[PDB]
Amino acid sequence: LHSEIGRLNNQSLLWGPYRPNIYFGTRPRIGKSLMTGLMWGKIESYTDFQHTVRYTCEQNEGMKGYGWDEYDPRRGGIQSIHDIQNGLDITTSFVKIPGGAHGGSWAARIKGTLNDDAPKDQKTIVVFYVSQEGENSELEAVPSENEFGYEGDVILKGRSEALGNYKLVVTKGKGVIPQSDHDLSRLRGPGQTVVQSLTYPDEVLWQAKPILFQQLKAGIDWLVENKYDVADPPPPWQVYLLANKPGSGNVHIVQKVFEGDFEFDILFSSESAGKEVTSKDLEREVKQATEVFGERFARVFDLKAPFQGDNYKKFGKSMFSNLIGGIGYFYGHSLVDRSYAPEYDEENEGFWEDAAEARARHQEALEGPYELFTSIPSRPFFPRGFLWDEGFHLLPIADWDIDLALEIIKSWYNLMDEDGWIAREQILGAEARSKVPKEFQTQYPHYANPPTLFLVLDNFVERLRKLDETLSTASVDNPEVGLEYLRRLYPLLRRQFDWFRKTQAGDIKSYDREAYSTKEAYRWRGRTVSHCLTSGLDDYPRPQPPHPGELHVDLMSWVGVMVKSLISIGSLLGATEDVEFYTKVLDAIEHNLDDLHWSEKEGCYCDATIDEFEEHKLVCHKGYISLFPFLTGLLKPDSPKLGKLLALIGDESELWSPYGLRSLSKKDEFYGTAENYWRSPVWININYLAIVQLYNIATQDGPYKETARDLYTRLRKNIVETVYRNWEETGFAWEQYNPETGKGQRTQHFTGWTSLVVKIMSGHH
Ligand SMILES: N#Cc1cc(NCc2cccc(CN3C[C@H](O)[C@@H](O)[C@H](O)[C@H]3CO)c2)cc(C2=COCCO2)c1
């Protein structure tokens with residue numbers, strides 16, 4: 001039955017628009033297989049199309065906005081793109097039609113509407129690019145009746161082991177196709193849909209823009225050779241129309257030119273399924289998917305007061321749809337330094353210089369290949385897997401579709417090496433690498449990241465203890481299935497726990513340090529004078545100078561998060577010996593958080609160093625770090641320390657802004673200093689943790705119940721309204737918010753953990 005649910009989930013999630021790095025494209029969850037991508041651009045001149053053409057996601061003054069209006073990876077959805085440079089409002093509807101043995105069928109409609117500022121007679125080039133990787137697989141464009149191109153549909157017939165037999169149809173579409181009266185029309189036709197079928201080595205098929213442009217350039221070269229010149233030139237849109245040459249190949253370029261508005265369909269028909277997919281099927285399955293998206297949203301994200309209004313419902317649907325719509329499938333080699341240089345042990349003073357020297361050895365090499373199915377922080381800026389971000393992404397996704405979230409967790413833990421390391425940043429294949437400067441590609445097996453995926457597992461365990469619709473919850477509805485998932489994952493969780501304790505260990509014993517436990521002490525590896533990238537809080541101020549005796553209170557709290565999860569999951573599997581050990585470790589972290597990290601002087605938790613004179617010094621920078629044992633759910637509801645932290649959270653002169661909690665106190669010496677990334681701005685992921693812990697205390701007998709209720713009510717309101725006001729004004733989710741102005745700043749399209757706002761609105765934790 002577990003095995004049977006797994007096969008149904010594989011068949012359900014196989015196809016998607018799983019290329020979030022590009023405006024629109026499809027691929028299945030198979031490394032070497034069939035991939036599609038859309039390109040478009042206005043052409044007004046002989047040289048402009050190279051600058052107007054769109055393919056990979058960006059955000060600049062030329063693009064108003066874009067994103068999913070609705071999306072469920074089992075059904076598909078609808079994306080809107082508002083392009084100022086090309087004067088076009090585009091819609092891309094994608095739908096999946098189950099059937100057959102090869103992951104079903106799918107269809108897409110591309111609709112382009114000129115905006116009010118566009119010339120009514122604008123010429124727009126549209127390209128559908130198709131590639132297929134694999135040794136024993138075939139793809140062939142059926143040639144047209146006509147001499148120079150297609151009057152009707154383009155049919156590609158292909159086959160592979162993975163997909164069996166299939167046809168992919170690009171329909172004629174609706175819209176004016178311009179006609180050239182030039183002499184050239186005798187040899188190239190007056191204007192029509194054309195296909196070029198080509199072959200390149202499999203590993204470069206992803207480079208769709210340069211491949212297209214090499215063909216356009218060959219066509220212009222042919223014009224120069226055959227005496228078409230500036231004495232009497234063809235129109236630009238005809239200069240940039242490829243000569244029809246359909247055939248067999250691993251690359252197929254389908255090109256159309258439209259004058260004014262256009263639409264056309266893509267129909268992928270799996271032969272092993274029922275009848276072939278039609279344009280009438282597409283229209284029906286699109287209407288049905290919207291209905292089902294609507295019904296599910298209302299059950300799962302039931303927005304509570306004061307956000308019950310239709311304005312907040314539209315905001316919620318947009319934040320949620322962009323988060324789940326970033327889900328990608330990535331496949332390829334990773335760049336990893338596997339030297340394990342001893343300098344990476346960071347055991348001396350000045351360890352950052354020694355570790356620089358080791359990095360300048362450049363022993364990193366490509367390894368894999370690996371696959372990953374995951375959500376991403378940002379399509380235009382960060383279109384790849386980040387380890388602690390994915391913990392935040394999956395909290396709303398798990399509400400939507402717990403079986404989807406378990407699949408993404410399973411995908412992440414299948415990356416873990418023998419030692420228990422998962423790289424914090426997954427850059428899988430040349431396409432993923434193309435977006436990342438060579439300097440920032442290399443992963444280091446001594447770099448951790450917060451284990452925020454354990455938070456999702458906690459939500460699953462609580463849900464466990466208490467057909468697309470059926471599959472989305474099969475792993476909770478069928479307890480046997482839930483447990484077997486956990487039985488299989490449990491060892492890898494344990495391995496990661498053991499990896500943190502071997503690789504991220506702090507030094508109690510070699511210094512004048514007294515504490516309950518000799519064992520429980522943690523220090524993040526990887527830290528430089530100005531930075532600690534592995535914590536997630538890049539430039540949050542830490543002990544200066546960095547020092548092998550440092551202890552980090554956030555890291556100890558994350559280790560607490562893991563033990564608590566291992567206790568729950570261990571108990572469930574009856575792993576008795578393990579639970580006795582975890583229980584003793586938890587007890588020890590509870591005591592040692594107080595003995596090593598609590599400051600009575602300052603009334604909060606603090607990181608620690610070793611003095612010029614070799615004694616334990618607390619270093620207190622009031623901010624997110626200061627709250628960490630509260631944020632990770634480690635403090636008893638009656639704790640006096642909790643009460644002092646509630647005082648710090650509520651204090652306007654420290655953390656509390658009208659727009660949410662500040663990353664750093666206005667009182668701290670390092671407020672608004674240097675790059676100011678984590679040194680003042682409001683971050684929705686840490687606000688989300690504070691909101692959930694306040695609510696926990698608010699719905700429980702104890703002394704701070706009513707303090708918590710007031711702070712919960714106001715913080716939820718402030719965070720939601722800040723993200724909402726910015727969305728209404730700009731159309732974007734932002735990376736962080738300015739605590740003086742409330743303005744979104746840094747990166748747009750951050751969906752991204754900013755989409756936690758949908759869970760904050762829906763409440764009832
Ligand atoms: N100004 C400032 C600023 C800082 C950076 N820093 C490097 C960096 C590298 C990868 C991802 C991230 C995003 N966050 C950083 C979060 O702190 C971390 O916790 C989280 O996991 C990751 C993933 O969401 C930042 C980059 C950029 C810039 C890069 O390329 C496009 C244009 O903007 C601007």
Side-chain angles (χ1 to χ4, degrees), residues 20-21 56-60 63 319 322-323 326-328 330 334-335 372 374-395 408 412 422-428 432-437 440-444 447-453 455 524 526-528 530-542 552 554-555 558 623-625 628 631 662-664 670 672-689 732-738 743-756:
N21 58 299
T56 62
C57 295
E58 311 163 300
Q59 189 46 64
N60 51 44
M63 184 82 34
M319 299 299 294
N322 281 313
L323 174 73
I327 286 165
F330 306 92
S334 214
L335 186 60
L372 184 53
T374 182
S375 56
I376 61 166
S378 178
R379 293 176 58 194
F381 296 110
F382 311 119
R384 65 189 166 274
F386 289 76
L387 179 50
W388 93 301
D389 297 57
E390 196 66 14
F392 292 112
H393 297 159
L394 286 179
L395 296 166
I408 289 165
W412 268 98
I422 306 176
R424 62 168 267 245
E425 184 172 356
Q426 295 292 162
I427 312 173
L428 301 197
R433 271 194 292 287
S434 76
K435 262 270 150 149
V436 181
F440 306 132
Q441 297 184 8
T442 305
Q443 307 305 293
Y444 297 93
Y447 288 7
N449 216 42
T452 54
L453 286 168
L455 295 185
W524 296 113
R527 102 145 269 247
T528 62
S530 302
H531 289 90
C532 177
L533 299 193
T534 63
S535 62
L537 296 92
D538 294 14
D539 65 347
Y540 194 95
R542 299 283 192 172
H552 301 305
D554 52 318
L555 188 38
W558 285 122
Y624 290 165
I625 291 302
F628 243 82
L631 300 171
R662 303 185 191 87
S663 47
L664 200 53
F670 294 121
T673 60
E675 296 174 287
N676 189 30
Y677 204 26
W678 285 84
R679 296 193 166 185
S680 52
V682 181
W683 285 88
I684 309 300
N685 64 324
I686 306 300
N687 280 272
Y688 172 83
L689 292 178
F732 304 129
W734 298 79
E735 195 175 352
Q736 63 176 217
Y737 297 84
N738 192 103
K743 273 153 149 178
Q745 49 172 231
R746 288 345 144 121
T747 251
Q748 308 102 319
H749 299 270
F750 202 79
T751 60
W753 58 49
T754 293
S755 291
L756 285 168

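Starting from 1, each residue takes its place in the sequence as its number. FYI, side chains are in, hydrogens and waters are out, and symmetry mates aren't considered; it's all heavy atoms of this structure. Atoms within each ligand, like the ligands themselves, are counted from 1 in listed order.
The shortest heavy-atom distance from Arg746 to ligand 1 is under 4.0 Å. At least one heavy atom of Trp678 sits less than 4.0 Å from an atom of ligand 1.
Looking at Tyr540 against ligand 1, nothing comes within 4.0 Å, counting heavy atoms. Under 4.0 Å from ligand 1, the heavy atoms of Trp753 that appear belong solely to its side chain.
Side chains of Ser375 and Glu390: a donor-acceptor N/O pair is present below 3.5 angstrom, by distance only.
Take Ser680 and apply the side-chain contact (heavy atoms from CB on, under 4.5 Å) test, not counting sequence neighbours, and it matches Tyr671, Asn676.
Within a 4.0 Å radius of atom 31 (C) of ligand 1, the protein contributes at least one heavy atom. At a distance under 4.0 Å, no protein heavy atom can be found next to atom 7 (C) of ligand 1.
Here CG of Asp554 is found 5.0 Å from CZ of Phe628. Values are rounded to the nearest 0.5 Å. Atom-to-atom distance recorded for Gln443:CD and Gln441:CD is 9.0 Å, nearest 0.5 angstrom.
Across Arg527, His552, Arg542, a single residue satisfies side-chain hydrogen bond (donor to acceptor under 3.5 Å, both in side chains) together with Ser535, and that is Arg542.
With respect to atom 15 (C) of ligand 1, the closest heavy atom belonging to the protein is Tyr677 OH, 3.3 Å. Of all protein heavy atoms, the one closest to atom 20 (C) of ligand 1 is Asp389 OD1, 3.4 Å.
The aromatic rings of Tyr444 and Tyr447 are tilted relative to each other, their planes meeting at an angle between 30° and 60°. Below 30°, between 30° and 60°, or above 60°: for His749 and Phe732 the angle between ring planes is between 30° and 60°, a tilted geometry.
Residue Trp388 places at least one N or O, backbone or side chain, under 3.5 Å from an N or O of ligand 1. Note: an N/O pair closer than 3.5 Å links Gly536 and ligand 1 by distance alone. Not a single N or O atom of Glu425, backbone or side chain, sits closer than 3.5 Å to an N or O atom of ligand 1.
Aromatic ring centroids of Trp683 and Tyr677 lie under 6.0 Å apart.
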